[PDB]
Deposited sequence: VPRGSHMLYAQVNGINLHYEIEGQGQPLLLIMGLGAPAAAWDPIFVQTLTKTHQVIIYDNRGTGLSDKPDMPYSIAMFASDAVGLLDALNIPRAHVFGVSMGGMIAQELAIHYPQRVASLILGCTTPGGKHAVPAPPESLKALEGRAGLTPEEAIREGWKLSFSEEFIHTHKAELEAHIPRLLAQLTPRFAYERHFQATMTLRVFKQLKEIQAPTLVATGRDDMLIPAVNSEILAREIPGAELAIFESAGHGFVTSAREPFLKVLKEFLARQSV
């Protein structure tokens, strides 16, 4: 029910909690509904958490045009402007981590701290990826979670399916997002990032190789690296309690 109009595009967002603003940025084709709800709820105890639907997704407008990381970063800044927030902590996952990198380089004055989850800088220095819509989500789990995690957490995973199906990203928009992931151009500028930075991923990430997180942390001055054992692309869920501990500890040392 809340929207921010940024450059004529209506972006659906949700905002919750009190304290220092924390902007969460989702990855390829994913709406705000894709965030692990327990993770988000827990963060609202210490922070004002902003989640939202990128253009093309959820309840947001879906213009049929080329998307880029630069445009996504412009959208995020627009959201912060609409909310009258000068500076925010920023956490992006996957393509959302690419948007985060763009923000920290091109809009450094809006970024109080930076958390990069299961992401990559792209380009030559990056190490690349190696039926019913219900069945598709279940198939997609295998890329984010181990076979044992899926076994022991089947109810928790199944409970999220309706939420995702309620708000499908249409195929045309999914294509725009897919092609946007090719438009990041940051590698040499990573070393100019001034934000205090946490890089985090699951060691066993099958979608984005975990070495990408080492490459990021290697470039960004003063970046910390948290790699979680027995977790993959889905580490925000599969390592939720250890990651929430690390993220809360990191954010406690930060300020807006």
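- Stretches of the deposited sequence lacking C-alpha coordinates, numbered from 1: 1-6, 137-148.
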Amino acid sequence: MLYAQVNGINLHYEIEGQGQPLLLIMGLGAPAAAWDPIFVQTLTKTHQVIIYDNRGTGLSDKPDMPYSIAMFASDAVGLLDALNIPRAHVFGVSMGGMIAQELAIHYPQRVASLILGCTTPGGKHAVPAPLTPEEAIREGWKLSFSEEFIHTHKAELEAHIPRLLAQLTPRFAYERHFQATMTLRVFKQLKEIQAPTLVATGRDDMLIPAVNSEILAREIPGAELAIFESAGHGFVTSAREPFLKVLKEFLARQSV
From here on, numbers count along this sequence of modelled residues.
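- 132-140 and 114-122 differ in mean CA B-factor, and the higher of the two is recorded for 132-140.
- Judged by mean Cα B factor in the deposited record, 244-252 ranks above the other of 244-252 and 21-29.
- The top Cα temperature factor in the record, among 210, 198, 70, 207, falls on 207.
- Of the candidates 179, 152, 101, 94, the deposited coordinates give 152 the top C-alpha B factor.
- Ranked by C-alpha B-factor against the other modelled residues of its chain, residue 86 falls in the highest third.
- Residue 48: CA B factor lies in the middle third for its chain, per the PDB record.
- Ranked against the other modelled residues of its chain, the C-alpha B-factor of residue 216 as given in the entry falls in the lowest third.
- When the CA B factors of the chain's modelled residues are split into thirds, the value for residue 66 lands in the highest one.
- Sort the chain's modelled residues by C-alpha temperature factor and residue 1 lands in the highest third, per the entry.
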